[PDB]
Every structure is written in C-alpha cells, then in structure tokens.
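A.B. asks: Okay, here's the structure, questions in a sec.
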Amino acid sequence: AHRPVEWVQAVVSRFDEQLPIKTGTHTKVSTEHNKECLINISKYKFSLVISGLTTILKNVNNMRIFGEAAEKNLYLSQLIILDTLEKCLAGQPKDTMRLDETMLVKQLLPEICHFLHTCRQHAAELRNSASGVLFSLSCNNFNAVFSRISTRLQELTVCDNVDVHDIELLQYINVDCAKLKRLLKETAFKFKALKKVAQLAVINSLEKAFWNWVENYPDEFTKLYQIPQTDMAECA
Amino acid sequence: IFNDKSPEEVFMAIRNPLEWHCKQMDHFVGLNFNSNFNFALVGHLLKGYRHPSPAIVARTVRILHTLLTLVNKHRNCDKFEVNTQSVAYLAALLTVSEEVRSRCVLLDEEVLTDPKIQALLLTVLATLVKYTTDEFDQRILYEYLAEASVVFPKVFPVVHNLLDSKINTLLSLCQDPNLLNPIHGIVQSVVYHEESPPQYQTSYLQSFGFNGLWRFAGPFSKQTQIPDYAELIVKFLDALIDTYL
C-alpha cells in the first residue's frame, strides 16, 4: 500500500536519469512526457512534488562541474528544472495554501537563489527563471518571503561589502496594492536608521517593485487615482 | 446439451452433490467457482498463454472462444455482447483475438455496476499483463486499464498491488510514450484518491475467495505443488467415481 508515493518517487528517479548533466535523444521524446508527468503531478501531489523538485534542484545546485561541458549540461538541466517548477507552481491552485511549504521556501532561498544570492549568459537565463519562480511563490507563500525581507532589513539596520542580498528580493517579489502599502510602511519605519547603501537598495527595489505592481495589476493603479487611499498617500 | 443451459448451469450442477470435498479444493487454490464460476474457469485456462508449447496456446484460445460463444448464446445475445458473464472471456480473448480488439466499450459502467465483478475484471487484466511480454498486447491492456481507472477510480487502488512492480520497472526504463501515457494517467488517478480502506484493497478479492488469480496464472513450476493439493484431487476423484458409478 501507499504505492502512489512510490510511483511519484519512481518518476522522480526518472528525472534523475533523464538529466542532461549525467546523460550528457532517448530522454527527448519520453522526457517531455516524463516532465509533463511531474507538471501534472504538482496539481495533485502538491507538497510532495514540491519536495521532490526541491531536492533535485538542491542536488543540482550542490555540484562540482570541474570540467567544461559539465557546466554546459547543468545550464540546461537547472533551466529545465526551474521552468518545470515555475509551471508547476503556476498550475497549482492558490487554494492549496502552501504555507506548510515554509521549509521548502527556506530551502529555495538557498536553492531558487543558489545563483542570485551572489548575483555576480546562462546566469541571466537562470536569473529570469528564478524571477519567475519567485513570482509564482509570491502568489501563494507571500508571507514567508516578506518575513525573510523583514528579518534581513532588521539585521542589516543594526550592521560592509554587500548585504542588500536577501534584502533586495523585493525586486522580484510580486507586488500588490495592500502588499506594496505594507512594504512602504515597513521601509518607512526602517529608512532613517539605515545604511545609505541599504537606503539606496530599498529605493531601487521599490521603484521597479511599483513598476511590477502596475504591470501585474493595471487596475489598482487606476483605482488609486479614482478613489483616494489615505494610508497609501501617507506612506508615500 | 448447452441449448437450454449456461456452462455454469450444467457444469456446476454435477459437482453440487460432492461440493463438500471440492469446497476444500477451491479454498486451497483460491478458485471459488461458487463465487465466480466463469472467472475461476478463465483463471484456470489462463496458463495456456504461459505454456511452453505453441500448440496448447491456440487450443486455449479456441476453448475460450467455445466457452464465450456458448455463454452468449444462452442469454440469446450477440457473440461479442458484453455482459456480466461474457466479461471474463471477452477480457481474456482481447489480447489475442483481433475481432475482440475491434469490438471494444469494454469497461461499461451501466453493466459493470457490481464492484466485485469490476474488481475481478481488473485483477484478470492485471495478471494477463504482469507475465505478458507482447508490446502490442501490453499497449492494449495498459490502455484498457487506464480507461478503467478513470471509469472505476474506486476499485483501481486494489488491483494496483500486483501492478506495482511492473509499473515501477516500466516507469524507470520503458521509453514508449505511447505506452507510458496510459501509465501516467493511471498514476495520476492513483494520486488523486487517498481514502479507500483495506476492504477496497487486496482483501476485497481475498474475502471473495479469489486470492490466487494473481498467483495461479504465473509461470509453470517444477514438480513442487504436485503432491500438495493431490490429497483433495484424489479424494475428489474418489467421490466423483462414487456418486456416478
């Protein structure tokens, strides 16, 4: 019994065998259906699928790639992994309430940002994929991301090469009217007693975070100019 | 002699007199004809596909044909008219008969309303594929199982126990997306429901007295179980010679 979990694990192993990193077109016709497998599984497995994908990515992230083509294979393997994860999260309904994936999001902080932590061309594609992934995460687990941002702000306020990392994540967080207002309030009660570099980082995050809010929700922006919002006006 | 009766009607009648000893045999094997006569007979005849000699297989196919036609004609219906009884033989002949792979739908929901009959059909279709080797037969059976899983989500979780090892091996190495697609759909429906209790598991068949349908039709052993159930066979034969001679 409990065999469905075994099959989910077998399909995960199928990913483990179809990866370009180890393999180096057998996993081209079936792998597409074998990846659509997990893509559909995320609609039902949800947390288990997320856990398997996160473990696979962390194993991908924790690599050596001493040679030359190994990095080339990883550049495609991790890209496909991120694309599949983003598609899975987008497909998964918001009613799943992936708050129990708090540990998974904490791992993704080192996994989805395995390349964007340092943030130093496949790096650009990985950055775009991670931005999409973080955007998908924000739609369900916004609370964990905001908590990480608030903890980073509190830690950096007390404290210097760079620490806007894990504090500039708002740059890719899906903004929302109320969410943007809360972010403005939190930054307002951080700004004065903050490092100048931290202030500039917050500013840079906020400008295109507002741009994100406008782009994603081009309805709240018109609502603000139609019906005034005193809280937003005061924060601004 | 079958003009006025069904195969069960005739054959299960001459055994009733000595059903006492035979009951022990059915319990020993797991072929309770009294539960499912046609399914027990099909379960016996299933080894024909596993026989080494290619000639016995063709007879097994005829023998079904003759059983299925005789059963169908008893209810005055079409030869390939899916019903409660015709289900088993139609399932068995599906992997070989071209005219049966054309007239199949197979997993009827209006007719196969009984959970048990559906469960037995699933178990038979699973056993027919577990030891099977043919790729076309595997595809046909896998597609039928996938269609049933949608049609019968309730019972599909019980028949998956035997299918477990085969699916796991295939899902790791087999690289036919045409075949993998039905497997994927089955896995998806399996992941869906997580409520079925043990009464919706193997025990459903095991408490229906048909536990050996997943074991009987396997490969031919080597002189092991001959002495085991001989005791009932000898006693049964003595009883048969007593009441009719």
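Note on naming: chains are A, B, ... as they come in the structure tokens, residues start from 1 per chain, ligands start from 1 in the order shown.
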If we count only C-alpha atoms, which residues of chain A reach to within 8 Å of chain B? Please list them as a PyMOL selection string.
C.D. replies: chain A and resi 1+3-5+7+10-11+13-14+26+29-30+33+37+40-41+44-45
A.B. asks: Name all residues at most 12 Å from residue 211 in chain A (count only C-alpha atoms; drop same-chain ones fewer than 5 positions away) and give them as a ChimeraX atom specification.
C.D. replies: /A:170-177,180,204-206,216-218,221
A.B. asks: Can you tell me, as JSON, numbers by chain, what residues are no more than 8 Å from range 96-100 of chain A when counting only C-alpha atoms, ignoring any on the same chain fewer than 6 positions away?
C.D. replies: {"A": [46, 47, 140, 141]}
A.B. asks: When distances are computed from only C-alpha atoms, which of A:139, A:224, A:60, A:184 shows the smallest separation from residue 86 in chain A?
C.D. replies: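 Closest to residue 86 in chain A of all the choices is A:139.
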A.B. asks: Please run DSSP on the backbone and report, as a ChimeraX atom specification, all residues within range 37-232 of chain A that come out as alpha helix (DSSP H).
C.D. replies: /A:37-41,47-61,69-91,102-111,122-140,142-158,177-191,196-216,220-226,230-232
A.B. asks: Which residues come within 9 Å of residue 157 in chain A, counting only C-alpha atoms, excluding same-chain residues fewer than 6 positions away, as number ranges by chain?
C.D. replies: A: 190-191, 193-195, 198
A.B. asks: Selected residues, N, CA, C and O atoms, written as a PDB file, in the first residue's frame, please.
C.D. replies:
ATOM      1  N   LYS A 190      12.092  51.983   8.707  1.00  0.00           N
ATOM      2  CA  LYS A 190      13.452  51.461   8.679  1.00  0.00           C
ATOM      3  C   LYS A 190      14.425  52.495   8.123  1.00  0.00           C
ATOM      4  O   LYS A 190      15.622  52.459   8.423  1.00  0.00           O
ATOM      5  N   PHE A 191      13.901  53.427   7.322  1.00  0.00           N
ATOM      6  CA  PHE A 191      14.716  54.231   6.415  1.00  0.00           C
ATOM      7  C   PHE A 191      15.714  55.128   7.136  1.00  0.00           C
ATOM      8  O   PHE A 191      16.901  55.159   6.793  1.00  0.00           O
ATOM      9  N   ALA A 193      17.036  55.155  10.244  1.00  0.00           N
ATOM     10  CA  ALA A 193      18.096  54.427  10.938  1.00  0.00           C
ATOM     11  C   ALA A 193      18.506  53.246  10.062  1.00  0.00           C
ATOM     12  O   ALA A 193      18.263  52.081  10.378  1.00  0.00           O
ATOM     13  N   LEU A 194      19.145  53.568   8.941  1.00  0.00           N
ATOM     14  CA  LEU A 194      19.571  52.557   7.986  1.00  0.00           C
ATOM     15  C   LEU A 194      20.833  53.041   7.289  1.00  0.00           C
ATOM     16  O   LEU A 194      21.129  54.239   7.246  1.00  0.00           O
ATOM     17  N   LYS A 195      21.578  52.088   6.740  1.00  0.00           N
ATOM     18  CA  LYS A 195      22.761  52.419   5.969  1.00  0.00           C
ATOM     19  C   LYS A 195      22.355  53.094   4.661  1.00  0.00           C
ATOM     20  O   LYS A 195      21.307  52.803   4.079  1.00  0.00           O
ATOM     21  N   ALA A 198      21.955  50.672   2.118  1.00  0.00           N
ATOM     22  CA  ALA A 198      20.684  49.994   2.344  1.00  0.00           C
ATOM     23  C   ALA A 198      19.515  50.845   1.860  1.00  0.00           C
ATOM     24  O   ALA A 198      18.561  50.333   1.266  1.00  0.00           O
TER      25      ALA A 198
END
